[PDB]
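Residue numbers (the authors' numbering): 23 to 40, 82 to 331.
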């Protein structure tokens, strides 16, 4: 009921025609479904909109790319806003505010949150159209349900994104590996070792792309391991091994993590 899972992570948002209280209806254009859910922030915005000005909206295509996710360290929530229209003739000073709430589980009716429940945090926006938000989230509220509704204020005009329901834990994006070393085990195997973050409450599966790459012999192999070290049987002498790792949730779908540094090892 009024809850749509994000499947898949790639979605298209389009606003089409049917001040302080100008409401625009935007919907997600999926391959097989068309869902139009309005945010609960404003419910009494039933105000008439002149059709004459709608033609102006025909000349401006409301296409924006905003990516909000939770980092793998479970410390900061990263929201990136980038404008595809890189025009230097107009540098609009826009402010992005992150409105988030963490309601508790109540067994006495599903009460609707009132106005002002969402916390207002002013992000630090740089001069090159980049805004960084640092929201201190306690570890005790990580297992709760988080609902977000992006709000953009520009010249007295308010734009509200459609409500989305998703668990932030399904898109773990850990820090890039550091202190990782490659060596040859005395038993005759290659160890690539890195120090995984200890703040993750569950084991994380890691897939590494490797391929024996000789002058003629080519052999690309892939395996998924969760330990801090990888065991490969009967490493081949005189071969080049490249290591590149990306993150993904063990259970169900997920979002690929950052592209780590690919490292090359050449055996004699």
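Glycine is no exception: its CB is placed at the ideal position from the N, C-alpha and C atoms.
Limits of the unbroken beta strand (DSSP E) element including residue i
{"i": "residue 328", "result": "326-329"}
{"i": "residue 220", "result": "220-223"}
{"i": "residue 130", "result": "128-133"}
{"i": "residue 145", "result": "140-145"}
{"i": "residue 244", "result": "244-248"}
{"i": "residue 89", "result": "89-92"}
{"i": "residue 35", "result": "35-37"}
Three-way DSSP call (helix, strand, coil) for residue i in this model
{"i": "residue 236", "result": "strand"}
{"i": "residue 253", "result": "strand"}
{"i": "residue 204", "result": "helix"}
{"i": "residue 307", "result": "coil"}
{"i": "residue 119", "result": "helix"}
For residue i, the first and last residue of its enclosing alpha helix (DSSP H)
{"i": "residue 263", "result": "Neither: residue 263 is in no alpha helix (DSSP H) and is coded neither H nor E."}
According to DSSP, residues forming a beta bridge with residue i
{"i": "residue 267", "result": "DSSP, once it has assigned bridges, lists no residue as partnering residue 267."}
{"i": "residue 275", "result": "282"}
{"i": "residue 163", "result": "182, 211"}
{"i": "residue 153", "result": "Residue 153 is not bridged to any residue."}
{"i": "residue 295", "result": "253"}
{"i": "residue 99", "result": "DSSP output for residue 99 lists no bridge partner at all."}
{"i": "residue 188", "result": "194"}
Any non-hydrogen atom of the ligand FMN within 7 Å of residue i CB
{"i": "residue 201", "result": "The model depicted lacks the ligand FMN and carries no ligand whatsoever."}
*asked:* With a threshold of 8 Å, are at least 3 pairs of Cβ atoms found where one atom belongs to the stretch 204-211 and the other to the stretch 291-310?
replied: no
*Quick one: any contact between the stretch 124-140 and the stretch 168-177, if contact means 3 or more CB pairs under 8 Å?*
no
*Do the stretch 304-322 and the stretch 230-248 make contact, defined as three or more Cβ pairs closer than 8 Å?*
yes
*asked:* Quick test of the definition: if touching needs 3 or more C-beta pairs under 8 Å, does the stretch 156-165 touch the stretch 181-194?
replied: yes
*Examine the Cβ distances between the stretch 246-258 and the stretch 276-290 and report whether three or more of them are shorter than 8 Å.*
no
*Evaluate contact between the stretch 152-161 and the stretch 100-118, counting only Cβ atoms and requiring at least three cross-stretch pairs below 8 Å.*
no
*Count the CB pairs spanning the stretch 295-306 and the stretch 317-327 that are closer than 8 Å, and state whether there are at least three.*
yes
*If we count Cβ pairs, one from each stretch, closer than 8 Å, do we get three or more for the stretch 226-234 versus the stretch 90-105?*
yes
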